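Scroll down for the structure; my scribbles are underneath it.
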Amino acid sequence: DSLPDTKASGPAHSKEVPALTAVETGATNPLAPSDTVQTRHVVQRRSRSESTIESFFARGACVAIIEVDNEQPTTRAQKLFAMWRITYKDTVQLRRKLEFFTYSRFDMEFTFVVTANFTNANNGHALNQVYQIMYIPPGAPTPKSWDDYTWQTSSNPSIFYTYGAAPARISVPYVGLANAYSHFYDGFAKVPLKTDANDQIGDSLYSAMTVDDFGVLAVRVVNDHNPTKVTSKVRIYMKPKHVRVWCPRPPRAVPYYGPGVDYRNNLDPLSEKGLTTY
Amino acid sequence: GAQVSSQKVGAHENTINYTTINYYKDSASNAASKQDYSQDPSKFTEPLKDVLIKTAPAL
Amino acid sequence: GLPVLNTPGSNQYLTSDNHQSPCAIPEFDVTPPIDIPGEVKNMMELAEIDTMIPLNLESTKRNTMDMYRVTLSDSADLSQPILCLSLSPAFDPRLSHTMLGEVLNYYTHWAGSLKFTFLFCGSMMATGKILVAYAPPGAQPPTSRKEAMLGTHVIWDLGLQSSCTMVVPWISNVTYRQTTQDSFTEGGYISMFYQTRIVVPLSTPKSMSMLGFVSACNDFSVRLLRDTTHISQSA
Amino acid sequence: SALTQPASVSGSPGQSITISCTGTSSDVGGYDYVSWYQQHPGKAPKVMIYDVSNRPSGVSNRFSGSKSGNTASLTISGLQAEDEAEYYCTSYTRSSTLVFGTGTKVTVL
Amino acid sequence: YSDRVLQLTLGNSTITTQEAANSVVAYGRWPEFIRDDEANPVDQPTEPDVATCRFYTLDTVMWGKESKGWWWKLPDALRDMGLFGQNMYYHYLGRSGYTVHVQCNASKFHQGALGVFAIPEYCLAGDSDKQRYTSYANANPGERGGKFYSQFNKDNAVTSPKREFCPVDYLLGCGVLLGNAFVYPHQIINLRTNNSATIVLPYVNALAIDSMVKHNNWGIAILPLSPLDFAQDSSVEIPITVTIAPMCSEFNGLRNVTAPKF
Amino acid sequence: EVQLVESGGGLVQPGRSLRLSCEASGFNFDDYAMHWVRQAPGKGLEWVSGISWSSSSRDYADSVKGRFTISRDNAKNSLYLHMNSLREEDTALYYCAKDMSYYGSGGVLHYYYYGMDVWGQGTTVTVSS
Ligand SMILES: CCCCCCCCCCCCCCCC(=O)O
């Protein structure tokens, strides 16, 4: 797996000129240092192992933060349960790495980290808490209260996590509708027709393929409500596995603006430097 | 049914093997072997219909 | 049952580990793949492709399309350099945002040879010669052709074939250089000068532009992975 | 500019009354999003008809609506004393804005 | 034989050149039909061959001294090209490759350079605050194509949002520096070396076959890398022409005809 | 079931700034459009501003364009209205309303504002020198 060695070379006086080329053809000149200067024989032992796709993508990255509360319910606005749409566009670090390529195909891994704290110092009484994380595929009914019938999880996957234990962990297969995920989509979902009564019959947003790509995650605490409020947050980490990619693209150069390819703010990424200054 | 493979040793003291087993039926639960291999970048660097040797003139 | 003893490191979470985990959707029916053109298996394949360099980056040229083109003329003083660079692919403001620089910015160490290619965009009736040189560190940066000629250099003759290539060989003391600003692992200097001059006949444009490209050789590699400073998120 | 509506309409108990709201092609005449609201003095508006002809749950069948050309109409049948209130029309505009009508007051004789 | 002289022939049409550089095959893959082990729909496909696989010529554009660029998209640019368009609108699904030939000639005393790029899934940015708000009619220009701009001016129309793009040239219209665009298949037309560019494009998509009226899977971008100049005058301008030919086309799901509103 | 509560109204001098607030409960506030409507004493209803399920889409009426601003915070189920350079003509009763938009026939988004089906009791703002 080591890189190719370097061959010894001597002086040259010949009719063949490897130094001249024409980039108009759309090809890169495959030169080596021995083709332009004298070189010695060197056995090469460096390798490219740490640069493969698996090694490049073998890291867990944060993608979302979910906040839930636990206090005796009133009629005011409360967060006894929360819902989050699965997507990787809420953060930029993993999005930029994925967008080097047009299509991809991989398994997925999830890890959940949970933390909690008090909000008032009046009592300081609370027992250990248990969290439920339920996955709601598209088309399934969604909860309307923290204790309705939907939480029976008859057929939806669910995780029960007890506070203070090791982070939960899950694996998921390739769940795409097509043969590969599409990071970019140049099209619409509906097309207006001359016979339509009004515009909305065909109106749609540019580059949006489907409404619910993967569903939502619903989070709650199963414990009843203690005399004092307790607040918690759940952090989700993502790691691709068994990765394949096609059709490379240039990387993003300006700040993201929404889930599309739009750009608003800076548009001036390069700094100043003299033409003849080292 | 275990699987054994050879490590690529770095620092030495003074062949070494390691074992792996799969415990789950579904393939998505497996770890990453990372026994990857390379390819030729020709499809990106020289996509020309007629390929010319580097020492010959380009036109 | 079987007696066991827990070693240090139990119940921790390391983001770069590699372990098995249960699946949440057992017996799923996965869609078979197909043969899509253009598969990539290593990141260096992206670094081995030519891309333009924003050579100019003057005050009024930066962040506009004028930053890619360097101007040549037949009346320029022949005793002064055309352009100058510092061989630090991941830090120099000119090389940082190329494809090679973008790939390097995710890694801390690099090693190998580099190629520089230049394209002449003058008229068919123009002609001339140009000298481009590379000087390893440890001395005064070149400021005249008399000094630039002592290092590695190539003499370029303008003709039917519009492009010429220069190879920057691997010369260093350490086995790997760093991708950050550091004087212990500096790379050297690059410069270009006129040899003879540009000559044109009557009723022909007297000034013209030039373009430059950079890519890596087949012995280039990078090892230690890190994060990048080219992307940021506001609160 | 607000949609045109009559200042007031009067009718005797047991009769049927109609109110008209008019706009342009970038308005009622261009889209089917038209709704009617009812407001008693000192009370927040209440929705009576939406999507031209749909009734919200719990609304009496005595209310109905229709549209034609650039004009939309609200019809009240079996007029009662409690129907005395103000009515407004609303529509979506192609400039991405909602527009309210001038308003009409119903008087029961 | 020299590689500067080339001839192409498809259907009942032929093209000749005498100052070409070379031919490029994107990703080294040639167009082909669907295989049995990769099919998805079960209906019998239709493949007219000669009736659709031939060169069509778009309208010519004039390379001014102050022009910033042009862009097209496929198969959108070929909506009205006879039987190809008819088959596109009469069927639900479609698939085909393309061959692109760009023409531009000038004397030995001119100077300049054009960059020709073929981009898969060529998304473009909007012109207003509302994200992804561009409309179908404005996003599908036809053979007329579009243009780039030198700077981003935020739309402030009072009557209506106008729902159009606003591509910036040096950002390539999608938020990436133009210098890195050479990872895509490309060629350069340099007026002192050649006068045409040829690129062969296979079918690239995440599916074996997809709808043509909804999704565009290729994009063409032409940008002047070096501005045009001529001897001591500033009114000079020369034309540019683009020719395209579908290859290995097949259409599957038949129904009544579609009629988009533009 | 569904409740909307407004607050922040008061008395201010011309040319100064003020902010209003609206809290919502009983429904998935994170996934609906919202509106602001004002009623001058003894006058008809006037549409002020509206925001869709995405903060990008955000519209204003000509009478307040360039002066007012609308924003939402899905983490607290709160809707805000920022007013600057107030005028005596702005005195009116302000309502917080919920749109029935979204939930179209699948592949559609940034829908037109269908209309309002729930209204709050409103808060009073008075501008006087
Ligand atoms: C109990 C937890 C269940 C979690 C269910 C996860 C559902 C599948 C998630 C797939 C994530 C795919 C991300 C990449 C998609 C893309 O590239 O467009």
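For the protein assembly as shown, the 222 nm mean residue ellipticity estimated from helices alone, with every DSSP H stretch of n ≥ 4 adding -39500 (n - 2.57) and the total spread over all residues, rounds to -1000 deg cm²/dmol.
Only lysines eight or more places from C:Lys61 in sequence, or on another chain, were considered; those with a Cα closer than 27 Å are A:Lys273, C:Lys115, C:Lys129, C:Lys206, E:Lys65, E:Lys68, E:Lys147, E:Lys154. Using a simple spin-label model with pseudo-atoms 7 Å out from Cα toward Cβ, A:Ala165 and C:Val4 lie 1.4 nm apart.
Taking all Cα pairs closer than 8 Å and separated by 6 or more residues, the relative contact order of chain C comes to 32 percent.
The equivalent ellipsoid that matches the C-alpha gyration tensor of the stretch F:3-119 spans semi-axes of 25, 15, 14 angstrom, in descending order. In terms of other Cβ atoms within 10 Å, E:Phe152, A:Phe57 run from fewest to most in the order E:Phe152, A:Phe57. Fully extending the segment from A:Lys144 to A:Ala121, taken as 0.36 nm per residue of separation minus the present Cα-Cα distance, adds 5.1 nm.
For the stretch D:52-65, 3J(HN,Hα) computed residue by residue from phi via the Karplus equation (6.51, -1.76, 1.60; θ = phi - 60°) reads 6, 9, 9, 9, x, 4, x, 8, 5, 6, 5, 9, 8, x Hz, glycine and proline entered as x. The Kirkwood hydrodynamic radius of chain E, based on inverse pair distances between different Cα atoms, is 19.9 Å. So how far, in whole Å, is the C-alpha centre of the stretch A:1-69 from the one of the stretch A:147-211? The two parts, judged by their Cα centres, are 40 Å apart.
Under 5 Å from the amide H of A:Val245 lie the amide H atoms of C:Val40, each residue being 5 or more positions distant or on a separate chain, with H modelled from the backbone and absent for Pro and chain starts. Charge tally for C:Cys121 (other residues, Cβ to Cβ under 12 Å; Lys, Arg +1; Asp, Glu -1): 0.
On the principal axes of its alpha-carbon atoms, the stretch D:8-108 has extents of 40, 28, 27 Å, going from largest to smallest.
Can you tell me the FRET efficiency between C:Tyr176 and C:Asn11 if r is taken as the Cβ-Cβ distance and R0 is 41 Å, rounded to the nearest 0.05?
0.70
Projection of the Cα convex hull of the stretch E:205-262, averaged over all directions and equal to a quarter of that hull's surface, yields 7.9 nm². Label zone (C:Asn218, point 7 Å along Cα-to-C-beta; backbone nitrogen cut-off 13 Å) within the stretch A:18-34: A:29-34. According to a simple spin-label model (label point 7 Å from Cα along Cα-to-Cβ), what is the distance in nm between A:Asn156 and C:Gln233? Using points 7 Å along Cα→Cβ, the separation is 2.5 nm. Given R0 = 51 Å, the distance between the Cβ atoms of A:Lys229 and D:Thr107 translates into a calculated FRET efficiency of 0.40.
Both numbers refer to the Cα atoms of the stretch E:107-158; Rg and Dmax are 15.8, 50 Å.
With contacts taken as Cα pairs under 8 Å and at least 6 residues apart, chain A reaches a relative contact order of 31 percent.
When every alpha-carbon pair in the protein assembly as shown is counted, what percent end up more than 46 Å apart? Result for the distance tail: 44 percent.
Whole-Hz Karplus values for the stretch E:239-245 come out as x, 9, 10, 10, 10, 9, 9 Hz, taken residue by residue from phi with 6.51 cos²θ - 1.76 cosθ + 1.60 and θ = phi - 60°; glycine and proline positions read x.
This model, with +1 at the C-beta of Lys and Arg and -1 at the C-beta of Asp and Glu, gives the protein assembly as shown a dipole about its Cα centre of some 1400 debye. The amide H of D:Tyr37, built 1.01 Å from its N in the peptide plane, has D:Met48, D:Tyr88 as neighbours under 5 Å, considering only residues 5 or more places off or on other chains. Normalised by 2.2 N^0.38 Å, with N the number of residues, the alpha-carbon radius of gyration of the stretch C:96-235 equals 1.28.
Output needed for the stretch C:1-160: three equivalent-ellipsoid semi-axes, defined as square roots of 5 times the C-alpha gyration tensor eigenvalues, in descending order, whole Å. Don't skip to the answer; put the middle values down first.
Numbers: eigenvalues 524, 109, 45 Å².
So the three semi-axes of the stretch C:1-160 are 51, 23, 15 Å.
Hey, for a label at F:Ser85 modelled as a point 7 Å past Cα toward Cβ, could you say which residues of the stretch F:60-75 have their backbone N under 11 Å away? Only F:64-68 fall inside the zone, counting backbone N under 11 Å.
To the nearest whole number, what is the average tally of beta carbon atoms from other chains within 10 Å of the beta carbons of peptide C:4-13?
Across the residues of C:4-13, the mean count of other-chain Cβ atoms within 10 Å is 1.
In order along the stretch E:198-210, phi translates into HN-Hα couplings of 10, 9, 10, 10, x, 7, 10, 5, 7, 9, 5, 8, 8 Hz, rounded to whole numbers, per the Karplus curve 6.51 cos²θ - 1.76 cosθ + 1.60 with θ = phi - 60° and x for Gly and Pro. Which values of log₁₀ I(q)/I(0), to two decimal places, follow from the Debye formula for the stretch F:9-75 at q = 0.17, 0.19 Å⁻¹ with a uniform point scatterer at every Cα? After summing over all Cα pairs, the log10 values are -0.76, -0.93.
None of the figures in this text is laboratory data; all of them are computed from the coordinates on show. Positions of Cβ are generated from backbone atoms using ideal geometry, with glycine treated the same way; all protein chains shown enter the neighbour counts.
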